[PDB]
Amino acid sequence: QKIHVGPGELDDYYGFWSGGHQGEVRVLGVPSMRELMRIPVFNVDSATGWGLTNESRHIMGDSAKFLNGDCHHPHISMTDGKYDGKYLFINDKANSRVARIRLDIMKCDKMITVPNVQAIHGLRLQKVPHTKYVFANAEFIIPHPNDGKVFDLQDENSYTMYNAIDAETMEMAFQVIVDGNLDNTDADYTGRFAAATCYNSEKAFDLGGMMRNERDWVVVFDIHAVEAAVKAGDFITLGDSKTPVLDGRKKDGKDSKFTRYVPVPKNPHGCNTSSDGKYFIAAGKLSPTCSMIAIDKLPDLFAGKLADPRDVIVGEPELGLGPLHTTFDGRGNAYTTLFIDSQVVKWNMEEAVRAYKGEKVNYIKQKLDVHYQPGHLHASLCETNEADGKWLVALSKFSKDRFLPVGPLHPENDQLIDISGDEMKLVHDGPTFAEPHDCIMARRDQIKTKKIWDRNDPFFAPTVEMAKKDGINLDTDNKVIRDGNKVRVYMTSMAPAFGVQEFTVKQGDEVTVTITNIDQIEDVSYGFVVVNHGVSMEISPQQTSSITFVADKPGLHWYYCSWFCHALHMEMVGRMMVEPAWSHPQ
Amino acid sequence: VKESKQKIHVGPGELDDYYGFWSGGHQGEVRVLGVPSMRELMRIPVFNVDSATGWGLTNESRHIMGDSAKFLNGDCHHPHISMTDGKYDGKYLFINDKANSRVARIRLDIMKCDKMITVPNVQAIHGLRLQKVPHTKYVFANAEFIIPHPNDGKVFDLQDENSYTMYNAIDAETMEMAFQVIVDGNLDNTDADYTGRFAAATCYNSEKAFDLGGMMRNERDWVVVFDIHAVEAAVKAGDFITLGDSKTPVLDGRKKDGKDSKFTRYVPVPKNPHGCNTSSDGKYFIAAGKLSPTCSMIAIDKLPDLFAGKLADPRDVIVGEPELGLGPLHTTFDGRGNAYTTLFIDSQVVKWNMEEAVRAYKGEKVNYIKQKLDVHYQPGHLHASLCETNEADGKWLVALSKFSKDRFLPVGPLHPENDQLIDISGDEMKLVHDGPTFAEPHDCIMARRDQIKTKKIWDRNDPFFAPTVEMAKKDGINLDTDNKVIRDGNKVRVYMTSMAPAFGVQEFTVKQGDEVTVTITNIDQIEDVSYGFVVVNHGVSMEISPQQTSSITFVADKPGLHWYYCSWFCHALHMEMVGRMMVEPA
Ligand code: CUZ
Ligand code: CUZ
Ligand code: CUA
Ligand code: CUA
Ligand SMILES: [Ca+2]
Ligand SMILES: [Ca+2]
Ligand SMILES: [Cl-]
Ligand SMILES: [Cl-]
Ligand SMILES: [Cl-]
Ligand SMILES: [K+]
Ligand SMILES: [K+]
Ligand code: NA
Ligand code: NA
C-alpha cells in the first residue's frame, strides 16, 4: 500500500477532519495527510468572508453573532449503509449547533441552533434506509424552563435531551428527554434503533458526584416508537419551539416506550456501531473495558422478553486503561483507543463474545503504542457496510517531542496506521492544530465536486432575489442602486478588472457590494477587500457574493482583489469615495 | 558534478530540519511548518479571530490589537525574521496586513503575536522587509495605494499635489513608528542592503493612474532607493513635518521640479517591476520585471556615488538586465552565486548566474541561464533557505504557485495553492513535493532548527499578559493561588487557578446584565497540558497553556444556569472538567 503521494499523484481517499475548538472543517488527502481545503463553519474566515458576507450570515442566522465554535464529530450521509457523498454534518459544542456541509461545493450550506439544550457533543447519522435523521446529543443537564428561578440539576424539570434533526431540511424533527446526560451516539443498520452513552447518571455538577455510580448506561432509543407517537400527536413542546418533545425518562422504575437503559461502566464514552451491524460498542473509559450490546437482542429487550437490561450485553472485554473509542476493519476485528495506556488495541469481537460466556479465549491480538494519549480513531469506511480495512487514523491529544518545538502550545498528533495486514503498522505522524477530535474518510470515488457554481444555487439565492427587487440581472449588470442611506452596488468581475471601478456614497451610508464572478475558467477565484473597513470575501467562478458595511470614514478608500488571479492582479482595484457628513444634511 | 539528492521523508519520531514560517494570506494568520516534511506544526493567529485560543476574543489579544480589534480580517503576504549582522537571530517575526494597513510582530520564543500597529495616514501595507545590518533596527513597510492628505473628503484627485503614498519605517523593538518618507508613484515590494545605509522599493504606478491601462503606460517605472542615514540625519535635526494627528516624522522623498530629494533616488526599471530582492552576497538589489521579461540588477556599491552626484544617469547603477522569460515576479539566492526567479506566465523557476548576467550586460557572449524547471502553476514568490542572510545555504527552495488545477483531489470551486519544495542542493533543481495550502500564502521564510529557541512553558512575568497581572494586582489578587469573585457594581471579575481536571472556581452567581470577566491561570507545570475555557451559548472561548494567565469579558445577558467547560482535552476526566455560571433574572 503506497504511503507517499509524489508530485502529480493524487491521494486515494478524502479525509474530513473536525476543526475542534477552532471551529472549521478540514479536507485532507489520504494517505498523504496534507490539508487540501478548509471549510469554515463556526469560525469567521477572513479569506472567504464566511461570517462577514450576507450569504454566510443568513445561513448562520442569529448565531452569526458568535465568532467561535467547538466541533468534534463529522459524519457523511449514507444510503443503505454506504456513504452517498451528499452531505457532511458536524456538531458545535460551544454554541449548541449542528451544521451541514454540501460536499459538491464544499461549503456549509445549513446551520441550526438546537432549541432548549446546552452543548451539542455526540452526533451521528442514521444509516438505513438512508440518512433521514441526524442524531445529536445535548451533553449538559439544564433547568426547563431555564429562567433563573431554579438552578438544581436534581429538580424534576432539569434534564437534557436527545435530538433528531431532519437531514434534508435541517429543521428539528424531535427531541427525547432522557435521564442522566448524553456523551456520544451511533445508529444501527435497520433504522429502528439509535444509542448513546451517558456519564452523568448521577445528575451531579462536581467531579466526585459524576463518578459515584459504578455503572452509568447506554440509553437505547426505539425510533419507530418515537415516530409513531409524533404522528399520533402524543408529545409536548417546550418554550417557543414547536419541536415535538417525547419523555424518555423512567417514571418510578417503569420504562418509557421510547428508551431502554443498559447499565454500562463507567462514565462510558465512545459509542460505536460495528460495520456488520451486530453491536453497539461502548468504551468504558474509567472501566478498563468496552461493553458490547447485541443489536439483534434489542427488539426482545423492548418487548419485555429479557428479565434484565444487562441481558443485551454479550461482551465486556477487558482491554486496558482508558478505552475511549472503537473502530472496525470489516474483518471481524475492533480497534480501541486506550487513552491512559496510550495505545491502540486490536481485538476480535466474536472471540471477546466467547470469553464473556467463559470459554477462555485470548481476543486481544496486538497493542500498538501511539504518541500520545489517543482520543478517537477511525478506520476507512468503518461507519458503513463497506468497511475496507485499509487505513486507521488515531487522533492523539499530546504530541510532546514528536515534532519540532513551537512554544507552550503543541500540535495534536493524528497518526496514520496501516491495518491492511494482520499487524498494525504506524506509518505517519500528522501534526494538527486545535485538536481535531474525530475524522471521517471516504473513497475518492465517493465524493463528486463541482468546479463552477450553478447560478441558481440556494447558497446565494436570497441575494439573487434582492437583486431582482432592484431590477438587476447579476450576470451582466454593473450598477449602483441608491435607496435612502443604503447603497447597493452590483458588479460583474473578470480579471483583471472589477465591473464597477469607483462609486461615491455619503458618510454613514450602509453599503452592500454584490459581485458575480463571470469567469468560466476553473480555479480563477476573485476576492474583494475594502481597505481599513474590515471587509473581505471570496467570489469563485459563477458565484455571486455580497457584503454589507458602513462607510463611516470620509475620503477616498481603496478596494482590491485579494485572490491572485492574473499577472495584472496587483492592478485589479477600485475606489469608494465617501463625501463628508458636514457636506450632507444633519 | 554534485547532484541534488537530499532526503525528503521525515518518518515517525524523526524531526524536521528547518522551520518554515508561512504567511496566511487572505486568512490572516501565520503558519509554522516543518521542512522538508512540509507539515503544518502550529497556527499563530494575527489578524484573524481564532476560536481555539481566543485570539481576538481575550482581553490580552484585544489589548495588543488596539482599536483594530474591531476588524475580523487581515491579508498577509510577507513574513520576515529579525537579523543581527546579516544572520537570523530568532527573536521576532514581522508580517504585513494589506487589508487594514497594519504591521504585526510575533515573538518566536512563544510563537504568539505580541505587538501590532496600524500604520498612520496610509492605505494597504503590502511590501515588507527588515533591516539586516547591524541588526533589524527598522521594519520597512510599503503602503501601496496613493491617497489624499488630508483624506477628509474634500479632495479625491490622485493627481493632486497632496495625494501620495509613503514608505514606512517602524522601530522593530518598540513597534512604534520611526519615520515615513513621501514618494512619487506607488510602492510594491522592498528590501534592505547589508550595511544599514540603503533600502529600495519597486514602484509600479509611476504614472499615478487609477485605471489598469493608465498604470501600465510608462515604458519604465523605477526602484526608489532610500538613503536611510540621510533620513535619520534629518529626523535627528528636526527637519521634518507631521501629518494629521500622528507624531510620526514625515520626510519628503519626492522629486521637486526635477530636483532630487536628499532621501531618495529613482532608478528607472521596466516595467511595473514587482519583486525587490537583495542578493545574499550584498552586491545587488534585484528587481523582477513582471511586464518586462527581465530582471534589473542595481549595484549596491554604486549607490554612494549615485547619492553623491558622481553618476551622470541613475541608470548607471544598473549593472545587469538578464532576459529570463515571461512574467518575472520574484528572485531568491542559493549563496553559490546563482539567482532563482519565478516566471509567472511561462510557469517556471529559472536558475541563473548573477556575475555572468553582469558580464553579458557589458556585451560578453555568455549564457547565464542554467536551468528552467516547470512548476504547477503560475508561481509568485519563491524562497531559498536562509536566502535573506549572508548564510544562504543553497539547500531548499519553495515556489508558491497560485493555480493548483489538477495537482490535488478536487475540493469544489475553490482550489488550494500549490507550494512546491525543490531540492537545490546540487547542480540541478529537482521538484520533490507539492504542498497544498489554504488562502494563498504569498511568501514564506525558512530558518534552521538551531536558529529558533522556544519556551516550553510560560514565564509568569511574560509581557504578553502583564496588563492582566496589573488588573489582578489592583484587585489584590495573587493569580498563582487565588480563587475569588470580585463584585464591582454590575461588573464581576472571577479569578481562578486551574489544574486538571478541575477549574479552581467551579460555580459563580451573577445578575442578568452583569459584565463578567473570567481570568484563568494554568498552574500545571507539565509541558503540553493546555486547558481551555468555553461558556456555552455566549460566544466565549480561550486557551490557557501551562503557567499562562488568560482573561475574557462577556455580558451575562441570559438568565438561568449556563455551563462552562474546558475545551482542551487535558486529562482522562476532561469531559467532567466543567463549571456553572448562575444568572439571576430581573
Ligand atoms: Cu468530543 S469526544 Cu471522545 Cu468525540 Cu473528542
Ligand atoms: Cu503581496 S505580492 Cu508577489 Cu508578495 Cu504575494
Ligand atoms: Cu483579481 Cu487577483
Ligand atoms: Cu481541562 Cu480537558
Ligand atoms: Ca457517572
Ligand atoms: Ca507603471
Ligand atoms: Cl463515538
Ligand atoms: Cl520581493
Ligand atoms: Cl550550482
Ligand atoms: K493537545
Ligand atoms: K489560488
Ligand atoms: Na438554519
Ligand atoms: Na500597538
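Just a few scattered comments:
- Against the conditions (1) of a type outside the set (D, E, K, R); (2) within 11 Å of another protein chain (Cβ to nearest Cβ); (3) surrounded by fewer than 19 Cβ atoms within 10 Å (Cβ to Cβ), residue B:562 satisfies every one except (3).
- Where a residue in the range B:451-462 is in contact (Cβ under 8 Å) with a residue 60 or more places away in the chain and at the interface with chain A (Cβ under 10 Å from one of its Cβ atoms) and its partner, wherever it lies, is surrounded by fewer than 14 Cβ atoms within 10 Å (Cβ to Cβ) and not aromatic (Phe, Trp, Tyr), with Cβ under 9 Å and at least six apart: B:457/B:525; B:457/B:526
Results for (1) of a type in the set (A, V, I, L, M, F, W, C); (2) in contact with a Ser or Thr (Cβ under 7 Å, 6 or more places away or on another chain); (3) assigned by CATH to the domain that holds residue B:581, shown as yes or no for each residue.
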position: B:472; (1), (2), (3): yes, yes, yes
position: B:480; (1), (2), (3): no, yes, yes
position: B:483; (1), (2), (3): no, yes, yes
position: B:488; (1), (2), (3): no, no, yes
position: B:491; (1), (2), (3): no, no, yes
position: B:497; (1), (2), (3): no, yes, yes
position: B:505; (1), (2), (3): yes, no, yes
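Matching residues to (1) buried (at least 17 other Cβ atoms within 10 Å of the Cβ); (2) within 16 Å of ligand 12 (Cβ to nearest atom); (3) more than 13 Å from every other protein chain (Cβ to nearest Cβ); (4) closer than 29 Å to residue A:160 by Cβ:
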{"residue": "B:477", "(1), (2), (3), (4)": "yes, no, yes, no"}
{"residue": "B:506", "(1), (2), (3), (4)": "no, no, no, yes"}
{"residue": "B:509", "(1), (2), (3), (4)": "no, no, no, yes"}
{"residue": "B:512", "(1), (2), (3), (4)": "no, no, no, yes"}
{"residue": "B:536", "(1), (2), (3), (4)": "yes, no, no, yes"}
{"residue": "B:543", "(1), (2), (3), (4)": "yes, no, no, yes"}
{"residue": "B:548", "(1), (2), (3), (4)": "yes, no, no, no"}
{"residue": "B:555", "(1), (2), (3), (4)": "no, no, no, yes"}
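- Annotation: of all residues in the range B:180-194 being among the aliphatic types (A, V, I, L, M) and within 15 Å of ligand 8 (Cβ to nearest atom), the one that is surrounded by the most Cβ atoms within 10 Å (Cβ to Cβ) is B:187.
- Every test in (1) surrounded by fewer than 21 Cβ atoms within 10 Å (Cβ to Cβ); (2) touching a strand residue (DSSP E or B) at 6+ places or on another chain (Cβ under 6 Å) is passed by residue A:164 save one, and that test is (1).
- Given (1) within 16 Å of ligand 8 (Cβ to nearest atom); (2) under 26 Å from residue B:75 (Cα atoms), index of the condition residue B:392 fails: (2)
- Residue that is nearest to residue A:216 (Cα to Cα) [pool: residues in the range A:179-197 that are of a type in the set (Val, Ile, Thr) and within 16 Å of ligand 1 (Cβ to nearest atom)]: A:197
- Qualifying residue in the range B:265-280 (condition: crowded, with 18+ Cβ neighbours inside 10 Å, within 14 Å of chain A (Cβ to nearest Cβ), assigned to a loop (DSSP other than H, G, I, E, B) and touching a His at 6+ places or on another chain (Cβ under 8 Å)): yes
- Among residues of the range A:390-402 being more than 10 Å from ligand 10 (Cβ to nearest atom) and surrounded by fewer than 23 Cβ atoms within 10 Å (Cβ to Cβ), the one that is nearest to the chain's Cα centre (by Cα) is A:390.
- Residue B:366 vs. criteria more than 29 Å from residue A:539 (Cα to Cα), surrounded by fewer than 24 Cβ atoms within 10 Å (Cβ to Cβ) and facing another protein chain (nearest Cβ under 10 Å): no
- Taken as a whole, the condition of being more than 16 Å from ligand 12 (Cβ to nearest atom) and either within 14 Å of chain B (Cβ to nearest Cβ) or touching a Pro at 6+ places or on another chain (Cβ under 8 Å) (or both) applies to residue A:206.
- One residue stands out in the range B:439-448 among those that are at the interface with chain A (Cβ under 10 Å from one of its Cβ atoms) and either charged (D, E, K, R) or within 12 Å of residue B:382 (Cα to Cα) (or both): the one that is nearest to ligand 11 (Cβ to nearest atom), namely B:440.
- Residue B:436 being more than 24 Å from residue B:109 (Cα to Cα), within 16 Å of ligand 11 (Cβ to nearest atom) and under 34 Å from the mean Cα position of the chain (by Cα): yes
- The range B:245-264 - residue that is without any contact (Cβ under 8 Å) to a residue 24 or more places away in the chain and in a strand (DSSP E or B) and, of those, nearest to ligand 5 (Cβ to nearest atom): B:256
- Matching option when the condition is surrounded by fewer than 21 Cβ atoms within 10 Å (Cβ to Cβ) and part of a strand (DSSP E or B), among A:482, A:488, A:455: A:482
- Among residues of the range A:318-361, those that are over 20 Å from residue A:423 (Cα atoms), touching a residue at least 12 places away in the same chain (Cβ under 8 Å) and away from chain B (no Cβ under 14 Å), counted: 4
- Hits in the range B:369-388 (condition: among the β-branched types (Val, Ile, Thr) and surrounded by fewer than 22 Cβ atoms within 10 Å (Cβ to Cβ)): B:369
- Candidate set from the range A:357-404 (those that are under 30 Å from residue A:125 (Cα atoms) and of a type in the set (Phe, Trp, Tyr)); member that is nearest to ligand 13 (Cβ to nearest atom): A:398
- Top-ranked residue in the range B:565-586 [being away from ligand 4 (no atom under 14 Å from the Cβ) and charged (D, E, K, R); ranked as surrounded by the fewest Cβ atoms within 10 Å (Cβ to Cβ)]: B:584
- Sole residue being small (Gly, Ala, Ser) and farther than 29 Å from residue B:53 by Cβ, chosen from B:66, B:86: B:86
- Answer from B:326, B:311 - the residue that is in a loop (DSSP other than H, G, I, E, B) and within 21 Å of residue B:272 (Cα to Cα): B:326
- Failed item in (1) surrounded by fewer than 18 Cβ atoms within 10 Å (Cβ to Cβ); (2) under 33 Å from the mean Cα position of the chain (by Cα); (3) under 25 Å from residue A:43 (Cα atoms); (4) of a type outside the set (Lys, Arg), with residue B:525 passing the rest: (3)
- Any chance residue A:237 is of a type in the set (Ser, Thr, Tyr) and either more than 14 Å from chain B (Cβ to nearest Cβ) or surrounded by fewer than 21 Cβ atoms within 10 Å (Cβ to Cβ) (or both): yes
- Residue match in the range B:144-152 (condition: among the charged types (D, E, K, R), away from chain A (no Cβ under 14 Å) and part of a loop (DSSP other than H, G, I, E, B)): no
- Residues being surrounded by fewer than 18 Cβ atoms within 10 Å (Cβ to Cβ), among the charged types (D, E, K, R) and touching a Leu at 6+ places or on another chain (Cβ under 7 Å) - total across the range A:195-233: 0
Ideal geometry is used to build each Cβ from the backbone, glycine not excepted, and the neighbour counts take in all protein chains shown. The values are calculated or read from the model by the stated rules, or taken from the named source; no laboratory read-out is quoted.
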